[PDB]
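Asks: Protein chains in written order, with PDB author numbering: chain A, 25 to 173; chain C, 25 to 173; chain B, 25 to 173.
Okay, here's the structure, questions in a sec.
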């Protein structure tokens, strides 16, 4: 069975102009783009996105860093929630494995290029926060017979 | 002291049209192409290739997935049997390390893009199974002084 | 807080014509080129570079391998001394992690493409040996706000 995860390119990904490179890494595994939207993230939506951090001292600066253009994405694949986390690498780029997005592109946790859901529950919640159901597109990849066992 | 390993691009590698990208990963380390042949794998040769799995319940479906176009290859280099295995990553792509072929391209073990010999004995056996001696080409890389210590 | 490390493309990196690829890996993380110079390494400078190995049996052959064109470089970034070591990978390419320079390009320690300082003390010593302090250029990256937290 496949699942869907929420992935978001943060303002540093937009501004450093590496959006296509990020997308290509997920396409390369045969993950399917189920939704994609450019928007500008605002404090009110970011407060909900980061609801688990309410009241924490670092949240105001996090919301400031994230106030900017973002690319909202949903990718579908086998185990894609956990696998996308592995591909992004550790929160701290300096601790992330070579070959991961954060290790390959970044230096510090506050500018770490990309967000991905950390669990099935957060993926469901984040997809619903940033996308309406009518924005989620269902189609079958033509190479499915060679991607899935 | 170099050795030779048998590497085979499976039908999913052919059909997803990533043959050149796969070859480039091995060329990048200065490994030498000693043999290369496109063929369509038959159940008869696949039964011998997968002789270790004789009588197992998954073997019939494994042979079915592999009955298709394959690129047979021999690469030469220092420790290339073990090193190519490390480059491919774990059999299951989800367990493979970022930066490996299987982690970068694949989702499931039944469609994991590439085969490589797992030992000196299996390399000798697999090369002999898929290639005649006259198909193995001996030449020296012009960059040898800068590849080998 | 940023630091600077000494990175040097060895004659195999020059001769295999992968200089640009190497530079791009460090640029990709937002590391700043603070100095860059092509020279031809000579025994007298290499004896100082490898002073800690004076008298060891491998040193004469090492100096022979390293007598050739090199690209001297200083890169600046957060934790860049340790991070560049991680990006190069283990001295022995066969032990290096997939996704590192030495694992992706090399086979043996004597031809492992690149040198990087192993410590703050070594970076100061190596930068002073291979560059005049005047060749170190001060400027600020325009994308700093999206690279640094």
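Beta carbons: idealized from backbone N, C-alpha and C, even for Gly.
List, in order along the chain, the chain A residues whose C-beta lies closer than 9 Å to that of residue 29(B)?
Replies: Against the third chain, residue 29(B) aligns to sequence position 5. Neighbours of residue 29(B) on chain A: none; closest Cβ ~13 Å, over 9 Å.
Asks: How would you label residue 82(A), buried or exposed, when you count the other beta carbons within 10 angstroms and need 16 or more for buried?
Replies: For the purposes of this step, residue 82(A) is identified with residue 58 of the first chain, where counting begins at 1. Per the 10 Å Cβ criterion, exposed.
Asks: Please state if the CB of residue 38(A) and the CB of residue 95(A) are separated by a distance shorter than 8 Å.
Replies: Counting from one through the first chain, the residue named residue 95(A) turns up at place 71. Counting from one through the first chain, the residue named residue 38(A) turns up at place 14. Cβ atoms of residue 95(A) and residue 38(A): closer than 8 Å.
Asks: Can you list, in chain order, the residues of the region 41–71 of chain B whose Cβ is nearer than 7 Å to any Cβ on chain C?
Replies: Answer set for the region 41–71 of chain B: empty.
Asks: Hey, out of 89(C), 154(C) and 146(C), whose CA is closest to residue 132(C)'s CA?
Replies: As a working mapping, residue 132(C) is identified with position 108 in the second chain. Measuring from the Cα of residue 132(C), the nearest candidate turns out to be 89(C).
Asks: Going by beta carbon distance, what residues of the same chain come within less than 7 Å of residue 126(C), once the five residues before and after it are set aside?
Replies: Here residue 126(C) refers to the residue found at position 102 of the second chain. Around residue 126(C): 112, 113, 114, 117, 120, 136 and 137.
Asks: Hey, residue 145(B) and residue 59(B) are a contact pair by Cβ (cut 8 Å); roughly how many whole angstroms apart?
Replies: The sequence position of residue 145(B) within the third chain is 121, counting from 1. The sequence position of residue 59(B) within the third chain is 35, counting from 1. Contact doesn't hold; Cβ gap of about 19 Å is too wide.
Asks: Between residue 140(C) and residue 36(C), what straight-line distance do the alpha-carbon atoms span, to the nearest angstrom?
Replies: On the second chain, position 116 is the one that residue 140(C) refers to. On the second chain, position 12 is the one that residue 36(C) refers to. Approximately 15 Å between the Cα atoms of the pair.
Asks: Taking Cβ-Cβ distances below 7 Å as the criterion, which residues of the region 118–133 of chain C are in contact with chain B?
Replies: Listed in sequence order: 121, 122, 123 and 124.
Asks: Where does residue 69(C) fall in DSSP's three states?
Replies: For the purposes of this step, residue 69(C) is taken as the residue at position 45 of the second chain. It is helical.
Asks: Check whether chain C comes within 8 Å of residue 170(A), counting only Cβ atoms and requiring the distance to be less than that.
Replies: In the first chain, residue 170(A) corresponds to position 146, counting from 1. Yes, residue 170(A) counts as interfacial toward chain C.
Asks: Within 10 Å of its beta-carbon, does residue 124(C) have 16 or more other beta-carbons around it, so buried, or fewer, so exposed?
Replies: By 1-based counting over the second chain, the position of residue 124(C) is 100. Flag for residue 124(C) reads buried.
Asks: DSSP on residue 147(C), reduced to helix/strand/coil?
Replies: Here residue 147(C) is taken as the residue at index 123 of the second chain, counted from 1. It is helical.
Asks: Inspect the beta-carbon positions of residue 102(C) and residue 28(C) and report whether they are closer than 8 Å.
Replies: Here residue 102(C) refers to the residue found at position 78 when the second chain is read from its first residue. Here residue 28(C) refers to the residue found at position 4 when the second chain is read from its first residue. No, the Cβ-Cβ distance between residue 102(C) and residue 28(C) is not below 8 Å.
Asks: At what residues does the alpha helix (DSSP H) containing residue 56(B) begin and finish?
Replies: By 1-based counting over the third chain, the position of residue 56(B) is 32. Per DSSP, residue 56(B) belongs to no alpha helix (DSSP H); it is in the beta strand (DSSP E), 56–64.
Asks: Report the neighbours of residue 107(B) on chain C: residues whose CB is nearer than 7 Å to its CB, in chain order.
Replies: Residue mapping note: residue 107(B) aligns to position 83 of the third chain, counting from 1. Simply none; closest approach about 16 Å.
Asks: At a CB-CB cut-off below 8 Å, which residues of chain B make contact with residue 135(A)?
Replies: By 1-based counting over the first chain, the position of residue 135(A) is 111. Correct list: 170, 171, 172 and 173.
Asks: Helix, strand or coil for residue 119(C)? Go by DSSP, reduced to three states.
Replies: Counting from one through the second chain, the residue named residue 119(C) turns up at place 95. Residue state, collapsed to three classes: helix.
Asks: Taking the alpha-carbon positions, what's the residue 31(C) to residue 156(C) distance?
Replies: Your numbering for residue 31(C) matches position 7 in the second chain. Your numbering for residue 156(C) matches position 132 in the second chain. Taking the straight line from one Cα to the other gives about 15 Å.
Asks: Give the residues of chain B in contact with residue 39(A), contact being defined as C-beta atoms less than 9 Å apart.
Replies: For the purposes of this step, residue 39(A) is taken as residue 15 along the first chain, with counting starting at 1. Near residue 39(A) (Cβ distances below 9 Å), the residues of chain B are 167, 169 and 170.
Asks: If you follow the alpha helix (DSSP H) that residue 83(B) is part of, which residue opens it and which one closes it?
Replies: Taking the third chain and counting its residues from 1, the one referred to as residue 83(B) is at position 59. Residue 83(B) -> alpha helix (DSSP H) spans 83–90.
Asks: What residue range is occupied by the uninterrupted alpha helix (DSSP H) comprising residue 74(A)?
Replies: Here residue 74(A) is taken as the residue at index 50 of the first chain, counted from 1. Per DSSP, residue 74(A) belongs to no alpha helix (DSSP H) and is neither H nor E.
Asks: Could you check where the beta strand (DSSP E) with residue 30(A) kicks off and where it finishes?
Replies: Stepping through the first chain from its first residue, residue 30(A) is reached at position 6. It spans 26–33 - the beta strand (DSSP E) in which residue 30(A) sits, taken as one unbroken run.
Asks: Whose Cβ in chain A lies nearer than 7 Å to the Cβ of residue 111(B)?
Replies: Indexing the third chain from 1 puts residue 111(B) at position 87. Ordered by position in chain A, the residues that pass the 7 Å Cβ test against residue 111(B) are 122.
Asks: Starting from residue 93(A), find everything on chain B with Cβ-Cβ shorter than 7 Å and list it in chain order.
Replies: By 1-based counting over the first chain, the position of residue 93(A) is 69. Chain B residues near residue 93(A): none, gap ~11 Å exceeds 7 Å.
Asks: Please classify residue 55(C) as buried or exposed, where buried requires at least 16 other C-beta atoms within 10 Å of its C-beta.
Replies: What you label residue 55(C) is simply residue 31 of the second chain in a count that begins at 1. So residue 55(C) counts as buried.
Asks: Taking residue 84(A) as the query, report the chain B residues whose CB atoms sit under 7 Å from its CB, ordered along the chain.
Replies: Translated into positions along the first chain, residue 84(A) becomes position 60. Chain B residues near residue 84(A): none, gap ~14 Å exceeds 7 Å.
Asks: By a C-beta neighbour count over all protein chains shown, 10 Å radius and 16 as the cutoff for buried, is residue 73(A) buried or exposed?
Replies: Your numbering for residue 73(A) matches position 49 in the first chain. So residue 73(A) ends up on the buried side.
Asks: Can you pull the chain B residues whose beta carbon is under 8 Å from the beta carbon of residue 1(A), in chain order?
Replies: Outside the displayed span of chain A (25 to 173) sits residue 1(A), for which this structure offers no information.
Asks: Do you know offhand how far residue 63(B)'s Cα is from residue 93(B)'s?
Replies: Residue 63(B) sits at position 39 when you count from the first residue of the third chain. Residue 93(B) sits at position 69 when you count from the first residue of the third chain. Roughly 6 Å between the two C-alpha positions.
Asks: Note down the Cα distance separating residue 172(B) from residue 79(A), rounded to an integer number of angstroms.
Replies: In the third chain, counting from the first residue as 1, residue 172(B) sits at position 148. In the first chain, counting from the first residue as 1, residue 79(A) sits at position 55. Spanning the two alpha carbons is a distance of roughly 24 Å.
Asks: In terms of alpha-carbon separation, which member of 41(B), 47(B), 51(B) and 70(B) lies closest to residue 154(B)?
Replies: On the third chain, position 130 is the one that residue 154(B) refers to. Among 41(B), 47(B), 51(B) and 70(B), the Cα nearest to that of residue 154(B) is on 70(B).
Asks: Quick test of your reading: residue 110(C) and residue 129(B), contact by CB under 8 Å. State the CB separation rounded to the nearest angstrom.
Replies: In the second chain, residue 110(C) corresponds to position 86, counting from 1. In the third chain, residue 129(B) corresponds to position 105, counting from 1. Not a contact, Cβ separation roughly 14 Å.
Asks: Compare the C-beta of residue 79(A) against all C-beta atoms of chain C and say whether one is closer than 8 Å.
Replies: Against the first chain, residue 79(A) aligns to sequence position 55. No, its Cβ sits nowhere closer than 8 Å to a Cβ of chain C.
Asks: Using beta-carbon positions only, say whether residue 33(C) and residue 26(C) come within less than 8 Å of one another.
Replies: The sequence position of residue 33(C) within the second chain is 9, counting from 1. The sequence position of residue 26(C) within the second chain is 2, counting from 1. Cβ distance not < 8 Å, so residue 33(C) and residue 26(C) don't count as in contact.
Asks: So what does DSSP say about residue 132(A), is it helix, strand or coil?
Replies: Position 108 of the first chain, counting from 1, holds the residue named residue 132(A). It is a strand residue.
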